[PDB]
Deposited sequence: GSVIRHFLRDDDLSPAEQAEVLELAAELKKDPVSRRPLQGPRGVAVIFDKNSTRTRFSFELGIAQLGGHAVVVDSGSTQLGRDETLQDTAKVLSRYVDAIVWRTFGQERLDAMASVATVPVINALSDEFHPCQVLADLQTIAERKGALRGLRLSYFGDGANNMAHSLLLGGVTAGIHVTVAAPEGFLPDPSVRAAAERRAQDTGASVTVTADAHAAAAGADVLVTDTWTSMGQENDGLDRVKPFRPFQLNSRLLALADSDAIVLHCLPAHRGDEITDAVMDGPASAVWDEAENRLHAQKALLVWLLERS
């Protein structure tokens, strides 16, 4: 009966809508929900450090009344079985937030822990970032369903997979614009196409950056790590092809002049700074929502 959140499609379309609505309420009233008052603990474990993931989660948990126990990459599983660690953590904390690499490690922890496990960021998915992206799109553009989103650059990385899955879950027509060596994992693509039939969305994968941008409502990129990606740069030429009032997203950090140009990132279509803040609100909502169902 314990819900986990390891990939974007772990939420149904109706569940994802609940979490995003909660994120909006929490942005307006950040200390109104105190499910962890006590404080109750939440584990925030990094197999590899991520300062942005730490600020977001550590502050968010505290604003829910809890105390985050942050374990930096100075690992889980060397000492004892992941199953034994999961059993003990379940006695100390009400949720486990974990940044690890392979998906099989997250699945293993989730199969044994008796508290919710959240994928903070992994090799294959970045589902919390995409919740923050969807919150940012909704507050700038309103209804998500039927919007057109294009992601540019490395189509094999965790953002491309999560934009496909979380995007179609929200009714967004998602396009990935990527060069040949760097396309979405085929099982993720197939999961996105199936979910997309439930929401009226669709999946497109192309090497044509110009067609990806033409008519886009949301344009997204991410760092590249490098010649194959240059045609996919978000520059101002690409952005003129989009629909009026298009918004640009980029989970930070950005390498200005590589995947994105100053003019795009500092211009009026950029929503990168609101996007960064909304990681706090979206992750708090996810936690609140998981905790009440577990």
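Chemist: Residue ranges with no C-alpha coordinates, please: along the deposited sequence, counted from 1, in order.
Modeler: Unobserved in coordinates, per deposited numbering: 1 to 2, 77 to 78, 230 to 240.
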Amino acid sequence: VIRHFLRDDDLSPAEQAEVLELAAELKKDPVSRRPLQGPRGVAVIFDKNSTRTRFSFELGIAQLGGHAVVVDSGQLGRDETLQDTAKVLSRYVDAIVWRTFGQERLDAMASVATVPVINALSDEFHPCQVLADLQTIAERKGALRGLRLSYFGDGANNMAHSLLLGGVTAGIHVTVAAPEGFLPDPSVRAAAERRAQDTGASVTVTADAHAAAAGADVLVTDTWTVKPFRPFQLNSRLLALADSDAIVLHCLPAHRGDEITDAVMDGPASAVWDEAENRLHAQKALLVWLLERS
From here on, numbers count along this sequence of modelled residues.
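What we label the rigid core is the largest C-alpha set whose atoms superpose within 1.5 Å from one form to the other.
Chemist: Any chance you could tell me whether 78 to 86 or 201 to 209 drifts more in 8 other deposited structures of this protein, judged by RMS CA distance from this form after superposing on the core?
Modeler: Comparing 201 to 209 with 78 to 86, the larger C-alpha deviation in 8 other deposited structures of this protein belongs to 78 to 86.
Chemist: After superposing on the rigid core, which of 44 to 52 and 64 to 72 has its C-alpha atoms sitting farther from this form in 8 other deposited structures of this protein?
Modeler: When 44 to 52 and 64 to 72 are compared in 8 other deposited structures of this protein, 44 to 52 lies farther out.
Chemist: Out of 149 to 157 and 125 to 133, which one has CA B-factors that are higher on average in the deposited record?
Modeler: According to the entry, 149 to 157 carries the higher average C-alpha B-factor.
Chemist: Of the two stretches 92 to 100 and 170 to 178, which shows the higher Cα B-factor on average in the entry?
Modeler: Of 170 to 178 and 92 to 100, the stretch with the higher C-alpha B-factor average is 170 to 178.
Chemist: Have a look at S162, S202, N119, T114 and flag the one whose Cα has the highest B-factor in the entry.
Modeler: Among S162, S202, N119, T114, the highest C-alpha B-factor in the entry belongs to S202.
Chemist: Quiz for you: based on the deposited Cα B-factor, which of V220, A86, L106, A207 is highest?
Modeler: That would be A207, according to the entry.
Chemist: Can you tell me which third, lowest, middle or highest, the CA B-factor of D245 falls into for its chain?
Modeler: Within its chain, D245 is a highest-third residue by C-alpha B-factor, going by the deposited values.
Chemist: According to the PDB entry, is the CA B factor of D47 in the bottom, middle or top third of its chain, that is, lowest, middle or highest?
Modeler: It belongs to the middle third of the chain when residues are ordered by C-alpha B-factor.
Chemist: Where does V1 sit by CA temperature factor within its chain: lowest, middle or highest third?
Modeler: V1: CA B-factor falls in the highest third of its chain.
Chemist: Ordered by C-alpha B-factor within the chain, which third holds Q233? Give me lowest, middle or highest, please.
Modeler: Within its chain, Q233 is a highest-third residue by C-alpha B-factor, going by the deposited values.
Chemist: Sorting the chain's modelled residues by C-alpha B-factor, tell me whether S56 ends up in the lowest, middle or highest third.
Modeler: It belongs to the lowest third of the chain when residues are ordered by C-alpha B-factor.
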